[PDB]
$ cat coords-v6.txt   # compact mmCIF, C-alpha atoms
# COMPACT_ATOMS: atom_id res chain seq x y z
CA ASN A 3 31.07 -70.46 160.77
CA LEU A 4 31.32 -68.64 164.14
CA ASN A 5 29.76 -65.71 162.21
CA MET A 6 26.83 -67.96 161.10
CA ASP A 7 26.08 -69.47 164.56
CA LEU A 8 25.38 -65.94 165.99
CA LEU A 9 22.82 -65.42 163.21
CA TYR A 10 20.82 -68.48 164.26
CA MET A 11 20.89 -67.07 167.76
CA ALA A 12 19.84 -63.64 166.46
CA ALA A 13 16.79 -64.98 164.67
CA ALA A 14 15.96 -66.89 167.84
CA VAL A 15 16.10 -63.82 170.06
CA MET A 16 14.09 -61.71 167.62
CA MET A 17 11.27 -64.14 167.06
CA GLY A 18 11.11 -65.46 170.62
CA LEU A 19 10.59 -61.95 171.90
CA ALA A 20 8.08 -61.28 169.13
CA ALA A 21 6.29 -64.48 170.11
CA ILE A 22 5.86 -63.51 173.74
CA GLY A 23 4.82 -59.96 172.92
CA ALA A 24 2.23 -60.79 170.27
CA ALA A 25 0.85 -63.79 172.13
CA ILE A 26 0.26 -61.97 175.40
CA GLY A 27 -1.06 -58.83 173.72
CA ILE A 28 -3.65 -60.79 171.77
CA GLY A 29 -4.44 -62.80 174.89
CA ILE A 30 -5.29 -59.65 176.83
CA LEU A 31 -7.29 -58.10 174.02
CA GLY A 32 -9.24 -61.28 173.33
CA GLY A 33 -9.94 -61.72 177.03
CA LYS A 34 -11.57 -58.32 177.19
CA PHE A 35 -13.47 -59.16 174.01
CA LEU A 36 -14.69 -62.39 175.58
CA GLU A 37 -16.02 -60.76 178.71
CA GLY A 38 -17.65 -58.04 176.63
CA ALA A 39 -19.37 -60.70 174.55
CA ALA A 40 -20.49 -62.69 177.59
CA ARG A 41 -22.11 -59.48 178.79
CA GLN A 42 -23.92 -58.78 175.50
CA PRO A 43 -24.08 -61.83 173.24
CA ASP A 44 -26.29 -60.06 170.72
CA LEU A 45 -23.42 -57.62 170.25
CA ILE A 46 -20.98 -60.43 169.51
CA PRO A 47 -20.56 -59.73 165.77
CA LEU A 48 -19.89 -56.03 166.29
CA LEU A 49 -17.42 -56.75 169.08
CA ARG A 50 -15.69 -59.30 166.85
CA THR A 51 -15.51 -56.59 164.21
CA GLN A 52 -13.86 -54.29 166.73
CA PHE A 53 -11.57 -57.02 168.06
CA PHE A 54 -10.23 -57.58 164.57
CA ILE A 55 -10.10 -53.81 164.03
CA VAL A 56 -7.62 -53.22 166.86
CA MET A 57 -5.82 -56.56 166.93
CA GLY A 58 -4.14 -55.50 163.71
CA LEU A 59 -2.20 -52.98 165.77
CA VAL A 60 -0.82 -55.43 168.32
CA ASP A 61 0.92 -57.26 165.47
CA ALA A 62 2.49 -54.11 164.02
CA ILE A 63 5.92 -54.64 165.60
CA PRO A 64 6.01 -58.39 166.31
CA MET A 65 5.45 -59.26 162.66
CA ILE A 66 8.14 -56.81 161.56
CA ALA A 67 10.22 -58.72 164.06
CA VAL A 68 9.50 -61.91 162.16
CA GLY A 69 9.92 -60.03 158.90
CA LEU A 70 13.54 -59.24 159.68
CA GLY A 71 14.41 -62.22 161.86
CA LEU A 72 13.32 -64.81 159.33
CA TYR A 73 14.83 -62.79 156.48
CA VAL A 74 18.19 -62.90 158.23
CA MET A 75 17.62 -66.57 159.01
CA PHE A 76 17.15 -67.33 155.30
CA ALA A 77 18.54 -64.50 153.15
CA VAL A 78 21.42 -63.10 155.19
CA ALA A 79 22.35 -66.45 156.75
CA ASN B 3 35.09 -59.13 159.62
CA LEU B 4 33.96 -59.25 163.24
CA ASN B 5 31.48 -56.42 162.62
CA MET B 6 29.14 -58.74 160.72
CA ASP B 7 28.92 -60.99 163.77
CA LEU B 8 27.70 -58.54 166.44
CA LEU B 9 25.46 -56.07 164.61
CA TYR B 10 22.93 -58.67 163.46
CA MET B 11 22.54 -59.56 167.15
CA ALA B 12 22.49 -56.02 168.52
CA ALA B 13 19.73 -55.02 166.11
CA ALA B 14 17.90 -58.25 166.88
CA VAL B 15 17.65 -57.32 170.54
CA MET B 16 17.08 -53.63 169.86
CA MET B 17 13.94 -54.56 167.93
CA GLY B 18 12.64 -57.56 169.88
CA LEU B 19 12.47 -55.41 173.00
CA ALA B 20 10.51 -52.71 171.18
CA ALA B 21 8.25 -55.50 169.95
CA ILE B 22 7.53 -56.60 173.50
CA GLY B 23 6.91 -53.03 174.58
CA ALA B 24 4.51 -52.00 171.84
CA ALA B 25 2.69 -55.32 171.89
CA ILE B 26 1.94 -55.32 175.61
CA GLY B 27 1.20 -51.60 175.68
CA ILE B 28 -1.35 -51.77 172.91
CA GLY B 29 -2.91 -54.97 174.21
CA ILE B 30 -3.56 -53.29 177.55
CA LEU B 31 -4.74 -50.03 176.03
CA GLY B 32 -7.20 -51.78 173.73
CA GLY B 33 -8.57 -54.03 176.43
CA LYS B 34 -10.15 -51.07 178.19
CA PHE B 35 -11.50 -49.81 174.88
CA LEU B 36 -13.30 -53.11 174.34
CA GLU B 37 -14.67 -53.24 177.87
CA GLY B 38 -15.91 -49.67 177.60
CA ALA B 39 -17.55 -50.41 174.27
CA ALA B 40 -19.32 -53.51 175.57
CA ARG B 41 -20.45 -51.39 178.51
CA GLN B 42 -21.81 -48.42 176.51
CA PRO B 43 -22.11 -49.13 172.68
CA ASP B 44 -22.92 -46.10 170.39
CA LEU B 45 -20.16 -44.27 172.24
CA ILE B 46 -17.88 -46.52 170.05
CA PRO B 47 -17.14 -43.69 167.59
CA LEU B 48 -15.95 -41.47 170.44
CA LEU B 49 -14.02 -44.25 172.16
CA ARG B 50 -12.35 -45.16 168.88
CA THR B 51 -11.52 -41.51 168.24
CA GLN B 52 -9.72 -40.84 171.48
CA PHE B 53 -8.24 -44.35 171.49
CA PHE B 54 -6.46 -43.66 168.22
CA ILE B 55 -5.48 -40.25 169.57
CA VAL B 56 -3.78 -41.87 172.56
CA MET B 57 -2.45 -44.92 170.73
CA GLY B 58 -0.41 -42.63 168.51
CA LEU B 59 1.61 -41.64 171.56
CA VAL B 60 2.27 -45.25 172.58
CA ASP B 61 4.10 -46.10 169.34
CA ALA B 62 6.67 -43.31 169.62
CA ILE B 63 9.64 -44.93 171.36
CA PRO B 64 9.01 -48.48 170.07
CA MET B 65 8.97 -47.20 166.50
CA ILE B 66 12.04 -45.02 167.10
CA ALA B 67 13.83 -48.11 168.33
CA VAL B 68 12.69 -50.09 165.30
CA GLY B 69 13.94 -47.38 162.97
CA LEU B 70 17.33 -47.09 164.62
CA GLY B 71 17.64 -50.87 164.76
CA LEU B 72 17.15 -51.11 161.01
CA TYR B 73 19.41 -48.11 160.40
CA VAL B 74 22.08 -50.21 162.10
CA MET B 75 21.29 -53.66 160.73
CA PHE B 76 21.71 -52.50 157.12
CA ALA B 77 23.09 -48.97 156.79
CA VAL B 78 25.71 -49.44 159.51
CA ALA B 79 26.28 -53.14 158.92
CA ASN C 3 37.05 -53.86 166.77
CA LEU C 4 35.00 -54.40 169.93
CA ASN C 5 35.52 -50.75 170.88
CA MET C 6 33.06 -50.09 168.03
CA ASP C 7 30.49 -52.87 168.27
CA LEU C 8 29.94 -53.10 172.01
CA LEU C 9 28.91 -49.46 171.83
CA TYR C 10 26.08 -50.64 169.59
CA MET C 11 25.19 -53.40 172.01
CA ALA C 12 24.98 -50.82 174.79
CA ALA C 13 22.81 -48.57 172.63
CA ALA C 14 20.52 -51.49 171.84
CA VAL C 15 20.03 -52.47 175.46
CA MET C 16 19.46 -48.88 176.57
CA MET C 17 16.89 -48.04 173.91
CA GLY C 18 15.13 -51.40 174.16
CA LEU C 19 14.62 -50.94 177.88
CA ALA C 20 13.53 -47.32 177.48
CA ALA C 21 11.03 -48.41 174.84
CA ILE C 22 9.45 -51.14 176.93
CA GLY C 23 9.19 -48.71 179.81
CA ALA C 24 7.54 -45.84 177.97
CA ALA C 25 5.20 -48.10 176.03
CA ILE C 26 3.87 -50.16 178.90
CA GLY C 27 3.62 -47.17 181.22
CA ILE C 28 1.56 -45.17 178.78
CA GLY C 29 -0.52 -48.24 177.99
CA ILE C 30 -1.58 -48.62 181.61
CA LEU C 31 -2.20 -44.90 182.01
CA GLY C 32 -4.23 -44.67 178.82
CA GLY C 33 -6.26 -47.73 179.71
CA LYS C 34 -7.46 -46.23 182.95
CA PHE C 35 -8.08 -42.98 181.08
CA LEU C 36 -10.23 -44.85 178.58
CA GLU C 37 -12.48 -46.51 181.10
CA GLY C 38 -12.79 -43.24 182.99
CA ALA C 39 -13.99 -41.65 179.77
CA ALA C 40 -16.35 -44.52 179.00
CA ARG C 41 -18.22 -44.08 182.26
CA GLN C 42 -18.95 -40.44 181.45
CA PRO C 43 -17.93 -39.08 178.03
CA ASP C 44 -18.86 -35.50 178.95
CA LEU C 45 -15.73 -35.05 181.09
CA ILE C 46 -13.42 -36.20 178.28
CA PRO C 47 -11.54 -32.91 177.73
CA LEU C 48 -10.71 -32.45 181.42
CA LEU C 49 -9.53 -36.04 181.76
CA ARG C 50 -7.45 -35.58 178.62
CA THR C 51 -5.84 -32.47 180.08
CA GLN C 52 -4.80 -34.31 183.22
CA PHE C 53 -3.81 -37.29 181.07
CA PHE C 54 -1.28 -35.18 179.21
CA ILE C 55 -0.09 -33.56 182.44
CA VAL C 56 0.77 -37.03 183.75
CA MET C 57 1.98 -38.59 180.49
CA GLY C 58 4.60 -35.88 180.54
CA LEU C 59 5.88 -37.12 183.88
CA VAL C 60 5.98 -40.66 182.54
CA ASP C 61 8.32 -39.80 179.68
CA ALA C 62 10.98 -37.78 181.51
CA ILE C 63 13.40 -40.68 182.10
CA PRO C 64 12.75 -42.74 178.94
CA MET C 65 13.40 -39.69 176.79
CA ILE C 66 16.73 -39.18 178.55
CA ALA C 67 17.68 -42.78 177.86
CA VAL C 68 16.65 -42.60 174.21
CA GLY C 69 18.77 -39.50 173.63
CA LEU C 70 21.74 -41.07 175.37
CA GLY C 71 21.38 -43.89 172.88
CA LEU C 72 22.22 -41.33 170.20
CA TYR C 73 24.97 -39.71 172.26
CA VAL C 74 26.56 -43.17 172.36
CA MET C 75 25.94 -44.08 168.73
CA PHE C 76 27.18 -40.73 167.37
CA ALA C 77 29.59 -39.09 169.83
CA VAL C 78 31.33 -42.01 171.49
CA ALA C 79 30.90 -44.00 168.27
CA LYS D 173 -58.29 -46.66 193.05
CA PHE D 174 -59.11 -43.23 194.47
CA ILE D 175 -59.82 -41.66 191.10
CA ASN D 176 -61.84 -38.72 192.37
CA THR D 177 -63.75 -37.81 195.49
CA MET D 178 -66.98 -39.02 193.86
CA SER D 179 -65.67 -42.15 192.15
CA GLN D 180 -63.50 -45.11 193.09
CA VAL D 181 -63.06 -48.24 191.01
CA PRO D 182 -61.74 -51.70 191.89
CA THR D 183 -58.68 -52.61 189.85
CA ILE D 184 -56.71 -55.83 189.60
CA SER D 185 -53.25 -55.00 188.31
CA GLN D 186 -50.20 -57.17 187.81
CA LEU D 187 -46.97 -56.45 189.62
CA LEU D 188 -45.04 -59.63 188.80
CA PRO D 189 -43.58 -60.21 186.31
CA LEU D 190 -42.74 -56.57 185.91
CA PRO D 191 -45.08 -54.60 183.51
CA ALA D 192 -43.34 -53.05 180.44
CA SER D 193 -42.92 -49.36 181.39
CA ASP D 194 -43.43 -46.42 178.97
CA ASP D 195 -39.62 -45.92 178.86
CA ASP D 196 -36.98 -45.87 176.01
CA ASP D 197 -33.38 -47.31 176.23
CA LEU D 198 -32.11 -44.54 173.88
CA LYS D 199 -31.73 -42.05 176.82
CA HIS D 200 -29.55 -44.54 178.82
CA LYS D 201 -26.29 -44.21 176.73
CA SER D 202 -25.59 -40.77 178.31
CA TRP D 203 -23.97 -42.40 181.43
CA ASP D 204 -23.78 -45.58 183.55
CA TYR D 205 -23.34 -46.41 187.23
CA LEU D 206 -20.38 -47.49 189.31
CA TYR D 207 -22.06 -50.55 190.79
CA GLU D 208 -20.87 -51.47 194.28
CA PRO D 209 -20.50 -54.40 194.58
CA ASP D 210 -22.10 -55.41 191.28
CA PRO D 211 -25.42 -54.93 189.49
CA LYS D 212 -26.74 -58.47 189.83
CA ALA D 213 -26.93 -58.17 193.62
CA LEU D 214 -28.41 -54.67 193.59
CA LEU D 215 -31.16 -55.37 191.07
CA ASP D 216 -32.61 -58.08 193.30
CA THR D 217 -33.11 -55.80 196.28
CA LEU D 218 -34.33 -53.01 194.03
CA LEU D 219 -37.12 -55.17 192.67
CA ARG D 220 -38.07 -56.47 196.11
CA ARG D 221 -38.22 -52.97 197.56
CA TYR D 222 -40.20 -51.82 194.54
CA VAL D 223 -42.85 -54.49 194.94
CA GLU D 224 -43.11 -53.67 198.63
CA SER D 225 -43.53 -50.00 197.79
CA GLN D 226 -46.34 -50.76 195.38
CA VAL D 227 -48.23 -52.90 197.86
CA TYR D 228 -47.92 -50.04 200.32
CA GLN D 229 -49.18 -47.52 197.78

$ encode --input "coords-v6.txt" --output "structure tokens"
Amino acid sequence: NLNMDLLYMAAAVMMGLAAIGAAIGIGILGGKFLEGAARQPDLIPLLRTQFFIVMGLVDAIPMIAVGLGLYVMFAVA
Amino acid sequence: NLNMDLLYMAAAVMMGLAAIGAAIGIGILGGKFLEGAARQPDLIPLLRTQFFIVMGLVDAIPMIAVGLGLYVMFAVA
Amino acid sequence: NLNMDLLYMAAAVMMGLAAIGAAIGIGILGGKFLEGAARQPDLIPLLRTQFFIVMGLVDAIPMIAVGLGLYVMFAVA
Amino acid sequence: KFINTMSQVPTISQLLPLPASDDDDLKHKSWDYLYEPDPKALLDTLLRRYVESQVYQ
């Protein structure tokens, strides 16, 4: 299963990269949200609304990355 | 044959890198949107407008890479 | 044989790198553009003009690399 | 208070804590400052200079 062992490295590369990307993107965005809140606590719910509004875009690729990596890990492999 | 063993890795990389790129790019771009909003709320509609205008140009190459990666992982492989 | 697949590995590395480059570069540029707008929304169109002028310069090399990805995947093949 | 050349009136008026001015926050959204170094340090000296200016007036 030389063919198979490369697949369990492929899923690893895909989802490790997706992990770093998504994690750091959300970290940055949430950090800016946190300082915005600390400036204006009585805006906190609207800024949470906006944080969730945009955060959905940071996941656009990294989830697709899981979508294919895990698929290969469990439907192709 | 040997083709099955390399393509599922090549696509893996080709899409994990685009994941990193789009994730970090959008995280950074949205951070300044949040800080600007917390600075001057009620300009939020205008910030959101031109944010989405710009963001559309950030996705270009990452999404091209995702498309070509899939075009390989299935239609080529 | 390898004279097929390693071409795809080369295409993957080239387009992945080009994607990370274009995405993160335009993310930084757009972020500074956003905060510049937030401090005075009445300049927005002028800033946007210069933003495009520069975002053109950003893309020159990535868009070479992306096209060479296709030249590899469909002329060297 | 030098109201008019024929009439002056003693007034006791508060200057700390700062009286609520006849001003509206709505006009503020138009623009904001580049604070150097930062607003928390500037506001202090602004209020001190303002109180001094009112004692002088």

$ calpha_fit_and_write --input "coords-v6.txt" --fixed "chain B" --moving "chain A" --output "JSON list (two decimals) with C-alpha atoms, keeping the file's coordinate frame"
[["chain", "number", "residue", "atom", "x", "y", "z"],
["A", 3, "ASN", "CA", 33.19, -60.12, 160.19],
["A", 4, "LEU", "CA", 33.15, -60.49, 164.01],
["A", 5, "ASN", "CA", 32.28, -56.75, 163.96],
["A", 6, "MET", "CA", 29.29, -57.45, 161.62],
["A", 7, "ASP", "CA", 27.85, -60.42, 163.60],
["A", 8, "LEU", "CA", 27.39, -58.16, 166.71],
["A", 9, "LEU", "CA", 25.36, -55.76, 164.55],
["A", 10, "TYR", "CA", 22.86, -58.46, 163.61],
["A", 11, "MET", "CA", 22.57, -59.20, 167.29],
["A", 12, "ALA", "CA", 22.17, -55.49, 168.07],
["A", 13, "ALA", "CA", 19.28, -55.05, 165.67],
["A", 14, "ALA", "CA", 17.75, -58.18, 167.18],
["A", 15, "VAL", "CA", 17.94, -56.88, 170.74],
["A", 16, "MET", "CA", 16.60, -53.46, 169.79],
["A", 17, "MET", "CA", 13.61, -54.62, 167.81],
["A", 18, "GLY", "CA", 12.75, -57.59, 170.01],
["A", 19, "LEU", "CA", 12.49, -55.31, 173.00],
["A", 20, "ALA", "CA", 10.53, -52.79, 170.94],
["A", 21, "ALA", "CA", 8.23, -55.61, 169.86],
["A", 22, "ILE", "CA", 7.38, -56.69, 173.39],
["A", 23, "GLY", "CA", 6.92, -53.14, 174.63],
["A", 24, "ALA", "CA", 4.68, -51.91, 171.83],
["A", 25, "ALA", "CA", 2.67, -55.12, 171.61],
["A", 26, "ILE", "CA", 1.83, -55.28, 175.30],
["A", 27, "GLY", "CA", 1.18, -51.55, 175.59],
["A", 28, "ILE", "CA", -1.31, -51.62, 172.74],
["A", 29, "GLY", "CA", -2.81, -54.80, 174.16],
["A", 30, "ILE", "CA", -3.54, -53.11, 177.47],
["A", 31, "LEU", "CA", -4.88, -49.94, 175.90],
["A", 32, "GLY", "CA", -7.09, -51.81, 173.44],
["A", 33, "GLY", "CA", -8.39, -54.04, 176.22],
["A", 34, "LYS", "CA", -9.59, -51.03, 178.16],
["A", 35, "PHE", "CA", -11.08, -49.65, 174.95],
["A", 36, "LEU", "CA", -12.91, -52.92, 174.38],
["A", 37, "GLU", "CA", -14.48, -53.02, 177.80],
["A", 38, "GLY", "CA", -15.43, -49.36, 177.51],
["A", 39, "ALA", "CA", -17.14, -50.10, 174.21],
["A", 40, "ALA", "CA", -18.94, -53.16, 175.55],
["A", 41, "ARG", "CA", -20.31, -50.87, 178.24],
["A", 42, "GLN", "CA", -21.50, -48.18, 175.81],
["A", 43, "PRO", "CA", -21.70, -49.43, 172.23],
["A", 44, "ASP", "CA", -23.26, -46.21, 171.00],
["A", 45, "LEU", "CA", -20.07, -44.49, 172.13],
["A", 46, "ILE", "CA", -17.92, -46.85, 170.09],
["A", 47, "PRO", "CA", -16.86, -44.34, 167.41],
["A", 48, "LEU", "CA", -15.82, -41.71, 169.94],
["A", 49, "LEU", "CA", -13.91, -44.27, 171.99],
["A", 50, "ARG", "CA", -12.19, -45.48, 168.82],
["A", 51, "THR", "CA", -11.28, -41.86, 168.15],
["A", 52, "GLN", "CA", -9.75, -41.65, 171.61],
["A", 53, "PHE", "CA", -8.05, -45.03, 171.32],
["A", 54, "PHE", "CA", -6.28, -43.86, 168.20],
["A", 55, "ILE", "CA", -5.60, -40.50, 169.86],
["A", 56, "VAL", "CA", -3.52, -42.01, 172.67],
["A", 57, "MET", "CA", -2.18, -45.13, 170.97],
["A", 58, "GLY", "CA", 0.08, -42.83, 168.99],
["A", 59, "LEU", "CA", 1.99, -42.24, 172.21],
["A", 60, "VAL", "CA", 2.65, -45.89, 173.03],
["A", 61, "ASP", "CA", 4.56, -46.17, 169.75],
["A", 62, "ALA", "CA", 6.71, -43.10, 170.39],
["A", 63, "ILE", "CA", 9.77, -45.03, 171.60],
["A", 64, "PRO", "CA", 9.28, -48.51, 170.10],
["A", 65, "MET", "CA", 9.18, -47.15, 166.56],
["A", 66, "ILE", "CA", 12.29, -45.05, 167.17],
["A", 67, "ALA", "CA", 13.71, -48.35, 168.29],
["A", 68, "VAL", "CA", 12.89, -49.81, 164.89],
["A", 69, "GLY", "CA", 14.03, -46.59, 163.27],
["A", 70, "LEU", "CA", 17.56, -47.04, 164.56],
["A", 71, "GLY", "CA", 17.71, -50.82, 164.75],
["A", 72, "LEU", "CA", 16.70, -51.38, 161.15],
["A", 73, "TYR", "CA", 18.87, -48.47, 160.00],
["A", 74, "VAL", "CA", 21.88, -50.13, 161.58],
["A", 75, "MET", "CA", 20.75, -53.46, 160.14],
["A", 76, "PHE", "CA", 20.75, -51.99, 156.62],
["A", 77, "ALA", "CA", 22.79, -48.77, 156.50],
["A", 78, "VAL", "CA", 25.48, -49.26, 159.13],
["A", 79, "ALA", "CA", 25.74, -53.02, 158.60]]

$ residues_near_point --input "coords-v6.txt" --point "(-20.7, -47.6, 171.0)" --cutoff "12 Å" --atoms "only C-alpha atoms" --output "short mmCIF file (atom, residue, chain, number, x, y, z; two decimals) with C-alpha atoms, keeping the file's coordinate frame"
data_model
loop_
_atom_site.label_atom_id
_atom_site.label_comp_id
_atom_site.auth_asym_id
_atom_site.auth_seq_id
_atom_site.Cartn_x
_atom_site.Cartn_y
_atom_site.Cartn_z
CA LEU A 45 -23.42 -57.62 170.25
CA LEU A 48 -19.89 -56.03 166.29
CA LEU A 49 -17.42 -56.75 169.08
CA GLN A 52 -13.86 -54.29 166.73
CA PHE B 35 -11.50 -49.81 174.88
CA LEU B 36 -13.30 -53.11 174.34
CA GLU B 37 -14.67 -53.24 177.87
CA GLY B 38 -15.91 -49.67 177.60
CA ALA B 39 -17.55 -50.41 174.27
CA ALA B 40 -19.32 -53.51 175.57
CA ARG B 41 -20.45 -51.39 178.51
CA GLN B 42 -21.81 -48.42 176.51
CA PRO B 43 -22.11 -49.13 172.68
CA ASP B 44 -22.92 -46.10 170.39
CA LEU B 45 -20.16 -44.27 172.24
CA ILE B 46 -17.88 -46.52 170.05
CA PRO B 47 -17.14 -43.69 167.59
CA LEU B 48 -15.95 -41.47 170.44
CA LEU B 49 -14.02 -44.25 172.16
CA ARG B 50 -12.35 -45.16 168.88
CA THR B 51 -11.52 -41.51 168.24
CA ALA C 40 -16.35 -44.52 179.00
CA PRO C 43 -17.93 -39.08 178.03
CA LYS D 201 -26.29 -44.21 176.73
CA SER D 202 -25.59 -40.77 178.31
#

$ residues_near_point --input "coords-v6.txt" --point "(4.3, -57.5, 175.5)" --cutoff "9 Å" --atoms "all atoms listed in the file" --output "list in words"
residues 19, 20, 22, 23, 24, 25, 26 and 27 of chain A; 19, 20, 21, 22, 23, 24, 25, 26, 27, 28 and 29 of chain B; 22 and 26 of chain C

$ atom_distance --input "coords-v6.txt" --atom1 "CA of residue 69 (chain C)" --atom2 "CA of residue 10 (chain C)"
13.9 Å

$ residues_around --input "coords-v6.txt" --residues "residue 75 (chain C)" --least-positions-apart "4" --cutoff "8 Å" --atoms "all atoms listed in the file" --output "PyMOL selection string"
chain C and resi 9-10+13+71+79
